[PDB]
Each structure stands twice: as structure tokens, then as C-alpha cells.
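Just so you know, the sequence shown maps onto residues 5 to 297 in mature numbering (1 follows the signal peptide of the UniProt record, and there is no 0).
In this text, a Cβ means the ideal position worked out from N, Cα and C, and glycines have one as well.
A short worksheet on the structure shown next.
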Amino acid sequence: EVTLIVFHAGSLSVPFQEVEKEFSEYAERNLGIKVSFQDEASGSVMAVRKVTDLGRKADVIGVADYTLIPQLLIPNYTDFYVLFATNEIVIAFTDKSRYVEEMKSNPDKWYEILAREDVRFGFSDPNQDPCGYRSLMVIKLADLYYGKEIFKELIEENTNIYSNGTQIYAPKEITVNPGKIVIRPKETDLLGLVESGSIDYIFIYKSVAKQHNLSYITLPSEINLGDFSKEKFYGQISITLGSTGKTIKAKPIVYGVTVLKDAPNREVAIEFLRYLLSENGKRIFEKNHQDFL
């Protein structure tokens, strides 16, 4: 009997749950072992810091931005990573969202709608979650793409987050105007808020919006981080986190996964990884609206 310890990005919750469920069956039939899981979801930065700062043991680490593995875990905790999936940022909402009809009919004016006094939006804490820092990157890239001071109007005037040129800085302790913004530790924490209508719009991954049946509008490929051909435009922007003190450049979204060198159940963890990368894993992710790399 083995229990694999898995720390992973909040956006990986739905597909990972299914991959784990299928792997347990696979392991019993082909490995003669009973595999259980101690699965913990959190923003990817937090997932990594559980190991690097809290001294916790783990077998598998799955992150929404592969960058975090070589940046924070190599070579001290592991010596490899596997790039395996992608995504894009969208703006999600529901029938209870203010100006929902206008957002759907004029998606190219999303930033004007979010700037209206009565509209509230949300994103996750950039210090703990890639979706959060990517949301800020998207808004800053909007400045460049549209030629307007959108970041100033939506973020700087409503929070203590700021930007020096193309460099965004997330203070370790972020404060926000509750009349306009709600922030949470990870993006999936925002789902209940937008579904209840308490917040009108949230910046979140397309895969997660679809997994939860949320309506959404797509953003320009120049700013949504899901188009690999737009790497140079994305690269104009970067962010520095107060949690790690390190900088991450805006780039196409690529998920990464690794198994710790000292994983308590190394061999079974590697088997889990190969199952995830197999046609079975691919099938599961596609069924759940997320494409493999």
C-alpha cells in the first residue's frame, strides 16, 4: 500500500483528480499495489514553497508555470522537469454579472467595462499563484496592445500593486479597494464568488472556466499568453514577487511536473508521472478542456 504525496496548481485540480483515480486502478491491475493519494491544491508558487520553505516532504510537484521548477527546485530538490500542458487567460462571468450582455457583444471593450464604478473583478494573489501574476501581466500587456493606461486605471488606482515601466511588482502584502477588487490565494478560490454574483468578472484559465461551465470572452492573442507565436510581444513584460523576491517574465503558458529526488515513494511516483504523460493522461486532460503541450 502506497500513498503518493502530490502538491499541485489549483488549475490542475479537475484533471489531476481523474488522473489519480485512473492511476489507482492501473496500479492495482498492472503493478499489484494499492495506491492512494495525499493530494493538495494551492497556487503553484505556494506548492513549491511547501517544500523549499516549510520543509515538507512530497513525491510529485505539478505547476502551472514550469519556470518555478528550475528557478526554485533545481538542483537542490530535483534535477528535471517535464513540460506537458498549456492554457490561456480569459475573462469569465455569469448571467449575474453587471453588463454581461455588453461584455459578450463588445469583448474588445472589456477594459472599459471593468473600469466602470459599479463593476467588481477578481484575480488571485501573484505571490502565491501564476494565474494571479499572469492576470496582472495580461492587463499590463493590454496597455501596450491598445495604447491606453489600462493597468493604471484598473490596478494601480485600486491596489498597492505598481509597475516601473514594463516591470510589475507585487508587494509581499497586497491591499485592494474592496469596492472594485477581490483577491484570493489561488484562482479556483474565485469560482464561488463569480458564481454567486458577488464579483462580476474574473481573470482565469480557459480550461477552468470551461470545467465549471462559466461563460467567458477570449482576449487578443497578443495579451492572453496562450499563443506561442506571440512570445516576443509577451516578453515585453515581467513581474517580481514579494513571496520569492524573484522575477518571472511574461511568456506562453506551459505547465511543468517533476518528482523530487528524495521522494518517499520514488518509483511509484515516476510510474504516476508516465501515466500522466501517456495517452490516458492526454485523454483525461482533453476531456476536461485543457490541451497538452
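Measure the beta-carbon distance from residue i to residue j and round it to whole angstroms, keeping in mind my assumption that it falls under 8 Å.
{"i": "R124", "j": "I185", "result": "7 Å"}
{"i": "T244", "j": "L77", "result": "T244 to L77, Cβ: 19 Å. No contact."}
{"i": "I227", "j": "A174", "result": "19 Å between Cβ atoms; not a contact."}
{"i": "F296", "j": "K286", "result": "5 Å"}
{"i": "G239", "j": "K253", "result": "6 Å"}
{"i": "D133", "j": "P79", "result": "Between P79 and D133 the Cβ distance is about 25 Å, and since that is not below 8 Å, they are no contact."}
{"i": "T90", "j": "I257", "result": "5 Å"}
{"i": "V67", "j": "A13", "result": "5 Å"}
{"i": "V52", "j": "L72", "result": "5 Å"}
{"i": "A45", "j": "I37", "result": "Wrong, their Cβ atoms sit about 25 Å apart, outside the cutoff."}
{"i": "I187", "j": "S128", "result": "7 Å"}
For residue i, count neighbouring C-beta atoms within 10 Å of its own C-beta (all shown protein chains included) and say buried if the count is 16 or more, exposed if not.
{"i": "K152", "result": "exposed"}
{"i": "residue 304", "result": "Nothing in the structure corresponds to residue 304, since the chain is present only between 5 and 297."}
{"i": "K236", "result": "exposed"}
{"i": "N168", "result": "exposed"}
{"i": "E92", "result": "buried"}
{"i": "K144", "result": "buried"}
{"i": "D266", "result": "exposed"}
{"i": "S15", "result": "buried"}
{"i": "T248", "result": "buried"}
{"i": "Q171", "result": "exposed"}
{"i": "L87", "result": "exposed"}
{"i": "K113", "result": "exposed"}
{"i": "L195", "result": "buried"}
{"i": "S48", "result": "buried"}
{"i": "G260", "result": "buried"}
{"i": "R270", "result": "exposed"}
{"i": "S200", "result": "exposed"}
{"i": "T222", "result": "exposed"}
{"i": "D57", "result": "exposed"}
{"i": "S101", "result": "buried"}
{"i": "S211", "result": "buried"}
For residue i, write down the residues that DSSP places opposite it in a beta bridge.
{"i": "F207", "result": "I95"}
{"i": "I252", "result": "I243"}
{"i": "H12", "result": "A45, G66"}
{"i": "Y220", "result": "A96"}
{"i": "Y173", "result": "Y166, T244"}
{"i": "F296", "result": "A89"}
{"i": "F232", "result": "Answer is none; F232 lacks a bridge partner."}
{"i": "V39", "result": "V6"}
{"i": "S128", "result": "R188"}
{"i": "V263", "result": "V64"}
{"i": "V258", "result": "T90"}
{"i": "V142", "result": "BP columns for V142 are empty, so no partner."}
{"i": "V180", "result": "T163"}
Report the option in the options whose CA atom is closest to the CA atom of residue i.
{"i": "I178", "options": "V39, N91, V142, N162", "result": "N162"}
{"i": "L218", "options": "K234, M141, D231, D204", "result": "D204"}
{"i": "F97", "options": "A213, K190, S225", "result": "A213"}
{"i": "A62", "options": "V94, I37, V6, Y115", "result": "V6"}
{"i": "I241", "options": "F207, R188, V142", "result": "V142"}
{"i": "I117", "options": "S200, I154, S167", "result": "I154"}
{"i": "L281", "options": "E26, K108, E44", "result": "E26"}
{"i": "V104", "options": "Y259, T90, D122", "result": "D122"}
{"i": "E290", "options": "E44, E199, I221, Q215", "result": "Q215"}
{"i": "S225", "options": "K255, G201, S46", "result": "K255"}
{"i": "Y115", "options": "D99, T56, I95", "result": "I95"}
{"i": "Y70", "options": "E22, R60, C135", "result": "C135"}
{"i": "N131", "options": "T251, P74, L158, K234", "result": "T251"}
{"i": "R138", "options": "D57, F207, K38", "result": "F207"}
Would residue i pass as an interface residue toward chain D - the criterion being a Cβ-Cβ separation below 8 Å?
{"i": "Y279", "result": "Among the chains of the structure shown, chain D does not appear; only one protein chain is present."}
Check whether the Cβ of residue i sits closer than 7 Å to any heavy atom of the ligand GTP, and report yes or no.
{"i": "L16", "result": "No copy of the ligand GTP appears in this structure; indeed no ligand is present at all."}
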